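A single chain, nothing else alongside it, follows as structure tokens in the form deposited in one PDB entry.
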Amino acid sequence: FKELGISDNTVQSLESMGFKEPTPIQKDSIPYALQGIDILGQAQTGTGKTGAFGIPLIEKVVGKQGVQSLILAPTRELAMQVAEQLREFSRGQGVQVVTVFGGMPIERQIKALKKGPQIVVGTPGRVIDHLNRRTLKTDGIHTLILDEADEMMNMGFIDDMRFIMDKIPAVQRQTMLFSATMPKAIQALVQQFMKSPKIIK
């Protein structure tokens, strides 16, 4: 992990979890992530690839104020799994991770967001609710990650993804998109809302 250029503190967090050896997707993705480049990852669905974006994210967000990164996921289950992996990658570092998803009363989520977590993981329709209420502020969002974009499209979120990517300023934003398949509409997200991304398969 040290050789991939990860921070000393994140190497310590990973060692404390027993995460010793990077997977092939992590070796391929992490150096580019650290360089600030956008990433298009064609990868298997679920949590095996979370480290590829999550590990280098920690040193980017740690210690800062306000929401620094937004990760979109198709489901509560994946959002919660990804959030828990991010708390493991950052164990001991004090990085606050909040999950927002639909089908829950919004008040509790609003209280969590007011505490200023550094990473928000959420489902797209509920993310939009927060954006429009101004309970999720966009001013600090310098990393936007779409996890399982095709699944998000399957679940009815294509217009929500387009809205979110357009609403959040791109000038100092790193964007990553992970999907097992690339439907036409997802191709269009890459075209309109990403910066010449590096391709990882």
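The term rigid core refers to the maximal set of C-alpha atoms that superpose within 1.5 Å between the two forms. Residue numbers run from 1 along the displayed sequence.
Trainee: With respect to the recorded C-alpha B factors, which stretch has the higher mean value, 61-69 or 42-50?
Mentor: Stretch with the greater average CA B-factor: 42-50.
Trainee: Look over 109-117 and 75-83 in the entry and identify the one with the greater average Cα temperature factor.
Mentor: Higher mean C-alpha B-factor in the PDB entry: 109-117.
Trainee: Consider only the C-alpha atoms of the modelled residues in this chain, order them by B-factor as the entry records it, and name the third containing residue 19: lowest, middle or highest.
Mentor: Highest third, going by the recorded CA B-factors of the chain.
Trainee: Relative to the other modelled residues in the chain, which third contains the C-alpha temperature factor of residue 104: lowest, middle or highest?
Mentor: For residue 104, whose C-alpha B-factor we compare with every modelled residue in the chain, the answer is the highest third.
Trainee: Split into thirds by Cα B-factor across the chain's modelled residues, where does residue 163 land: lowest, middle or highest?
Mentor: Middle third - that is where residue 163 ends up once the chain's C-alpha B-factors are sorted.
Trainee: Taking the values exactly as deposited, rank residue 151 by C-alpha B-factor within its chain and report the matching third: lowest, middle or highest.
Mentor: Lowest third, going by the recorded CA B-factors of the chain.
Trainee: Among the chain's modelled residues, which third holds the C-alpha B-factor of residue 133?
Mentor: Middle third - that is where residue 133 ends up once the chain's C-alpha B-factors are sorted.
This protein has a second form, the form deposited with a small molecule bound, left out of what is shown; the following refers to that one.
Trainee: Is residue 174 one of the residues lying within 4.5 Å of the small molecule in the bound PDB entry, judged by heavy atom distances?
Mentor: Because no heavy atom of residue 174 falls inside 4.5 Å of the small molecule in the bound PDB entry, the answer is no.
Trainee: Is the gap between residue 48 and the small molecule in the bound PDB entry 4.5 Å or less for some heavy atom pair?
Mentor: Residue 48: contacts the small molecule in the bound PDB entry.
Trainee: My question is simply whether residue 19 lines the interface with the small molecule in the bound PDB entry - judged by any non-hydrogen atom within 4.5 Å.
Mentor: Residue 19: contacts the small molecule in the bound PDB entry.
Trainee: Verify the contact flag for residue 65: yes if a non-hydrogen atom of it lies within 4.5 Å of a non-hydrogen atom of the small molecule in the bound PDB entry, no if not.
Mentor: No.
Trainee: Please state whether every one of the three residues 123, 157 and 179 places a non-hydrogen atom within 4.5 angstroms of the small molecule in the bound PDB entry.
Mentor: No.
Trainee: Which is the contacting stretch out of 34-42, 157-165, 48-56, 128-136, given heavy atoms within 4.5 Å of the small molecule in the bound PDB entry?
Mentor: Answer to the contact question: 48-56.
Trainee: In a fit on the core, which one among 42, 138, 45, 135 has a Cα that moves 2 Å or more between this form and the one not shown?
Mentor: It is 45.
Trainee: Taking 2 Å as the cut-off, check whether the CA of residue 23 shifts that much or more between this form and the one not shown after a rigid core fit.
Mentor: Stays below the 2 Å threshold, so no.
Trainee: Using the form shown as baseline, tell whether residue 46 and residue 21 are closer or farther in Cα-Cα distance in the bound PDB entry, where the change reaches 3 Å or more.
Mentor: Compared with this form, residue 46 and residue 21 lie closer in the bound PDB entry.
Trainee: Have a look at residue 46 and residue 24: in the bound PDB entry, are their Cα atoms closer together or farther apart than in this form, given the change is 3 Å or more?
Mentor: Between the C-alphas of residue 24 and residue 46, the gap narrows in the bound PDB entry (3 Å or more compared with this form).
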